[PDB]
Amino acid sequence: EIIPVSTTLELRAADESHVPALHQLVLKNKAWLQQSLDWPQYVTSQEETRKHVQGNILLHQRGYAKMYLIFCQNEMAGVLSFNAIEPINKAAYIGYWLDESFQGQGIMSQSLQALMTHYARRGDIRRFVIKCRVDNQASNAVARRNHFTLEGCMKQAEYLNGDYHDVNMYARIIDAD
């Protein structure tokens, strides 16, 4: 399962074969990922990433979540995913991160747009949501460029780096009729 993004980019569904490369990518970025994600601190050994992946693959096959790996000229560059899918509401919560050396190239912006369009077209997701610290300006720029509307500010909603942070909730509705 591959969702095309561009002549140099593609989304591949999470595989057990990706575990090794992804573990290294996580290691290389966890110091800075920790400021806006919670799970990187619990990742130490490859076994823990494999665990996260096998679990994700299941929710992925059942349609309860999705995990895609972003590939740039056959090189793993980051992860784009639906952390949770509420089938009855056709709503999904988005999560993503990019290896620091693949940033600043519009890679995530384009991947998100290709991913959303694909699901709005299939029709099982029409409402997309992005929740992230209010102060993560890079993620906010990805959401706005993808036409997300800020719905609210959740006060001190997430505990990250020994402190509570206000979280913005961005959403976009796409009815691909």
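Between two forms, the rigid core is the largest collection of C-alphas that superpose within 1.5 Å. For every residue, the number given is its place in the sequence shown, counted from 1.
message: After superposing on the rigid core, which of 58-66 and 135-143 has its C-alpha atoms sitting farther from this form in 4 other deposited structures of this protein?
response: After superposing on the rigid core, the more displaced stretch in 4 other deposited structures of this protein is 135-143.
- request: After fitting on the rigid core, pick out whichever of 124-132 or 144-152 shows the bigger RMS C-alpha deviation in 4 other deposited structures of this protein.
  value: Between the two stretches, 144-152 moves farther in 4 other deposited structures of this protein.
field: Missing-residue flag, residue 39, threshold a third of other entries
entry: Yes, a third or more of the compared structures omit it.
- prompt: Between 106-114 and 28-36, which has the higher average C-alpha B-factor in the PDB entry?
  reply: Per the PDB entry, the higher value belongs to 28-36.
- prompt: What stretch has the higher average Cα B-factor here, 40-48 or 124-132?
  reply: Comparing averages over the C-alpha atoms only gives 40-48.
field: Out of 54, 146, 140, 149, residue topping the C-alpha B-factor column of the entry
entry: Within the set 54, 146, 140, 149, 54 shows the top C-alpha B-factor.
task: Sort 11, 160, 22, 169 by C-alpha B-factor from the entry and give me just the highest.
output: Among 11, 160, 22, 169, the PDB entry lists the largest C-alpha B-factor for 160.
- request: Within this chain's modelled residues, let me know which third the CA B factor of residue 89 belongs to: lowest, middle or highest.
  value: It belongs to the middle third of the chain when residues are ordered by C-alpha B-factor.
query: What third of its chain, lowest, middle or highest, does the C-alpha temperature factor of residue 67 fall into?
result: As the PDB entry reports it, the C-alpha B-factor of residue 67 lands in the lowest third of its chain.
task: Can you work out whether the C-alpha temperature factor of residue 81 puts it in the lowest, middle or highest third of the chain?
output: Bottom third by C-alpha B-factor.
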